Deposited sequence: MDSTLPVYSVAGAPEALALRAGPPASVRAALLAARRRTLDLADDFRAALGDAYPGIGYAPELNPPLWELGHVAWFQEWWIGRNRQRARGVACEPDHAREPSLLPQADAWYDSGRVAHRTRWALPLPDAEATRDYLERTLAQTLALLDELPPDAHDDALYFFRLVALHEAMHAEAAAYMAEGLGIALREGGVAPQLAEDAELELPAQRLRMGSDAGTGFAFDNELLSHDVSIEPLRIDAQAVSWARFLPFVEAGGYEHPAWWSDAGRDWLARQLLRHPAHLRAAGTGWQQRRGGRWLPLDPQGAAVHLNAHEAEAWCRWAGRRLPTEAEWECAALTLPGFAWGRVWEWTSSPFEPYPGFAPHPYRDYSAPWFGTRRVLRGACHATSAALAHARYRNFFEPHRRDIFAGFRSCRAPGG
């Protein structure tokens, strides 16, 4: 369980016995409910509760969706023990909630529709979470200590899914100005030498859970490189803004210039000018910017444009994964980091039972690697592939740079 690829929670969730997965499910639910109570403390109980935006979902919808997904792949799943060989579309038991599928299945309930749904109230939503988890843990307790990877697959999957939605709660709270009880400085900007080598990129078979987009592992050639030891700080990033870099379209790509054309505010989000200085928004509060913090809420175009101005580039996801795994002193986990790699399948990819996790998003999404401060330690992993459209700035995204010698 001790590795440089992730914290012990991450390896215990992916490969550990039922006791470890049980611990992960309880910890995930504790986090989910604490975030839910922090949203409730700001918003109260009205539904939908929040104004509309494409990158938000109504708080009670997120809670129900977390329960719905767990119940879909555990309690209602008639082929749990088959793991990745489960037939996605087999007929399942009915949910505790008759309208659950019509409300919480995201591939069926169009986004704008969610704001008008007659969802269960705040307390009935928590009852649904409670009962589904009680059922989940009871089925988990039937597994023996040496339970096979196939027997534990969906218990690991639903735990990781809830972790992803907790992080979404954290960055949606930033958008909404909601302060959280669970809620950033970097150390020295430095350069590290990555020598030429071979990397066996992706997840192997002996280890337990892998996301489908991590398969199959394959060899990749890594060229000699000098790579930042940490994400780009504000002190490093902001001279680009000060040199009028946002008013100089030569620094930007085709899609970057397009995106920059529509931009009302020509600097990173959640920043604002204050005299000759800067303020940054955090927990709905504006505070003087810390230059030694990581630059955050930048999109792929902003990261690439800084790189062109600086004469550097983004790493490929292979270069990133190699450095994270082989270079002590390469520090990650403060912000997700845009790479230069589009989200594409590895050689031998095959979609897993939750078929819509990766495959619909190839090509239109850019890979980010690492983790941010709001990523659960049970999820954060040097082989994990995050994927968002290159324009997104609501997520906790930044970057690091590199250049060949």
The record leaves without C-alpha coordinates the deposited-sequence stretches 1-6, 190-192, 415-416
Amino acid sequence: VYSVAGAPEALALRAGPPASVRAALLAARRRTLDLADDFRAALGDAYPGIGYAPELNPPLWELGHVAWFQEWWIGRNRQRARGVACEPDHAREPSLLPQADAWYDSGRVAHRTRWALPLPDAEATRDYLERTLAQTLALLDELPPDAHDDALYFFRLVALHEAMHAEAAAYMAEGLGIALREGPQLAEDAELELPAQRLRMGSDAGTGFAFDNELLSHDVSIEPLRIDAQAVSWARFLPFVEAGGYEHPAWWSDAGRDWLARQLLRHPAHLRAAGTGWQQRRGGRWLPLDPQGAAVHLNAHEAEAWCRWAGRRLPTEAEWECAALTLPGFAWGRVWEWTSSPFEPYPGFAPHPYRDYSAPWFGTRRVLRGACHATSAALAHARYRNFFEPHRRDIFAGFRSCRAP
From here on, numbers count along this sequence of modelled residues.
Averaging the C-alpha temperature factors as deposited, the higher value of 123-131 versus 249-257 falls on 249-257
Mean CA temperature factor from the deposited coordinates, higher in 271-279 or in 324-332?
271-279
Largest Cα B-factor, entry values, listed residues 160, 169, 180, 109:
109
Scanning 265, 164, 176, 229 for peak Cα temperature factor in the entry gives 265
Could you place residue 82 in the lowest, middle or highest third of its chain by Cα temperature factor, using the values in the record?
highest
Residue 338: which third of its chain by C-alpha temperature factor?
lowest
If you rank the chain by CA B-factor, which third does residue 154 end up in: lowest, middle or highest?
middle
Third of the chain, ranked by Cα B-factor, where residue 404 sits:
highest
Assert third(CA B-factor, residue 59) within chain per record equals lowest
